[PDB]
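# Architecture at a glance
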Amino acid sequence: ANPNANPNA
Amino acid sequence: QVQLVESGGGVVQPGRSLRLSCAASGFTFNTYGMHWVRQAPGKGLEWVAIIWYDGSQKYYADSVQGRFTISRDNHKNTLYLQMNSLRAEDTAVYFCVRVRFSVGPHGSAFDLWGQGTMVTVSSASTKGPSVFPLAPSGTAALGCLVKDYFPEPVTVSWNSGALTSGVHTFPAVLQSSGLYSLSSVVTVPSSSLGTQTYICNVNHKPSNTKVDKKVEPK
Amino acid sequence: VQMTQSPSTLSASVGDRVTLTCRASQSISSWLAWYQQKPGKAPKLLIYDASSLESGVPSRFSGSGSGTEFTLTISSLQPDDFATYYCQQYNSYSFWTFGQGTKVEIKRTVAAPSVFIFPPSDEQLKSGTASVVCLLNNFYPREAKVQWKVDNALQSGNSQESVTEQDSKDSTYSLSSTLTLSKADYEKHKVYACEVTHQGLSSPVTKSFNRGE
């Protein structure tokens, strides 16, 4: 999903 | 108090730079990806930048690439937007935004938004308005023209706040000079025109201009 | 991915069932969020993943759709639901884009505007410029045409207009149209006229004055 991959911990 | 509070907005000249701050509180800031989203006057929302919870990945809109840098200080719970080479189309309210927590491979919607900080990219100089009367000719209209001021905002009241019903204080319009202008109007019974005085109280804090203008019928 | 919302505006009454539509230019699966925004404040998340209700949001809001077509339904409109509504995609590899938004405003009976015209004050003329202001007071609906005529000839490009938000008490709009000329141009011509058309008016209403009068 590159930029839309989960950005949280 | 789960909130985000942006600061650092104001007037900036084209080509110059500006750093916005966003103070996060009430949640575990360093476990959340964070965004900036902006909204130009009168338009919709535009995504600007994303930063991973740890600062290890950053992505930007094409419109701001190479000019904007997003960063975060996780020990101080602050998000940053460094904007260089600011242009007229960067003029917007800037929101810092938290992504809704999700487990899994995919990121989520925008669940927490700060109050927004306004950035205005203009080469105009601070200038108090000129205040001109809109004189009336069973209902009569009168008002005040508040012309050629910079920057926003101006406040307009009538008769020190004793006149509120029938008041329409129009949103500013940006003129080609780069200065703002607006009218404040009110409708009153025409029978009151010779017996009641009508004064518009205009205040422009950025330039310390305070005007009370008597509006007289012709 | 480009998102498109329709209608751009819509007029509804308290207790109406209203459905707003959002279309993706290519499939976004169900990675779609709806937001509510009122003037001067931040957007509020209503729906995420195209159908999941955000925690604090009342149950009269719902959403559905997948792929390219999505809808937001308010089962029974309430007084605090009048606002602008935005959809937004967060599909994989698609970054984040928003629809242009759908404004939901208060339906009420037609109200023809009252029209007032204002010559430039003596003070403004002394200072080098002439503004002619035309006011349209407390009309509904929003749509109106304000045409300026100078020397009985139709103008364009020298005027700008400004509109209030819907009035909190009577749900009307008010509008100003300002024709700006230099002092010299204004003193060249004689008749200044504001011609207003509005569906509440059987025929256009003209307010005019003669310079000097």
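Shown numbers run from 1 along every chain as its sequence is written, which may differ from how the entry numbers residues; residues without coordinates are omitted from display. Note on labels: chains are lettered from A, ligands numbered from 1, in written order. Side-chain numbers come from the whole structure's heavy atoms, not from hydrogens or water.

Chain C has the name Light chain of Fab MS-1805 in the PDB entry, where Homo sapiens is given as its organism.

The name the PDB entry gives chain B is Heavy chain of Fab MS-1805, with Homo sapiens as the organism.

### Regarding the overall build of chain C
Helix and strand assignments come from DSSP, with helices taken as H or I runs of at least 4 residues and strands as E runs of at least 2, each series counted from the N terminus. Along chain C, the regular secondary structure elements total 2 helices and 19 strands. Computed over its C-alpha atoms, the radius of gyration of chain C comes to 23 Å, more than 25% above the 17 Å expected for a compact globule of 213 residues. For the C-alpha atoms alone, the extent of chain C along its principal axes is close to 65 × 40 × 30 Å. Our radius of gyration is a C-alpha quantity, and the globule rule it is checked against amounts to 2.2 Å times the number of residues to the power 0.38.

### Focus on the sheet that holds strand β1 (residues 3-6) of chain C
Residues and elements named next belong to chain C. On the basis of which strands lie adjacent, the open sheet formed by 4 strands has the order β1-β3-β8-β7 and antiparallel pairing. The strands lining the two open edges of the sheet, one partner per strand, are β1 and β7 (61-66). Going across the sheet, the axis of each strand differs from the next one's by a mean of 20°, ignoring polarity. Any two strands are treated as partners once DSSP identifies two or more bridges connecting them. Between the N-to-C directions of two axes lies an angle of 0 to 180 degrees, each axis being a line fitted to C-alpha atoms and, for a helix, fitted only over the stretch in contact.

### Description of the interface of chain C and chain B
Each partner contributes to the interface: chain C provides 41 residues, whereas chain B provides 41 residues. The quantity reported as buried area is the accessible area (1.4 Å probe) lost by two parts once they are put together, taken as the sum for both. Where chain C abuts chain B, roughly 3300 Å² becomes buried across the two surfaces, and 67% of that area is made up of carbon and sulfur atoms. For chain C, the biggest contributors to the area lost against chain B are C:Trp96, C:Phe98 and C:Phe118; these three give 20% of the whole. By definition here, a salt bridge exists when the distance from a side-chain nitrogen of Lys or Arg to a carboxyl oxygen of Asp or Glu is within 4 Å. Taken together, the links from chain C to chain B amount to 1 salt bridge. Side-chain atoms alone can form a polar contact between residues adjacent in sequence; in general such a contact is a pair of N or O atoms within 3.5 Å, and within protein one must be able to donate a hydrogen while the other accepts it. Across the contact surface, chain C and chain B share 9 residue pairs in polar contact. Of all the secondary structure elements, the ones that give two or more residues to the side of chain C that touches chain B are β4 (32-37), β5 (44-48), β9 (84-89), β12 (114-118), α1 (122-127), β13 (129-139), β16 (159-163) and β17 (173-182) of chain C. Among the elements that make up the side of chain C that touches chain B, the one with the highest residue count is β13(C) (6 residues). Throughout, a contact is declared for two residues whenever any of their heavy atoms are within 4.5 Å.

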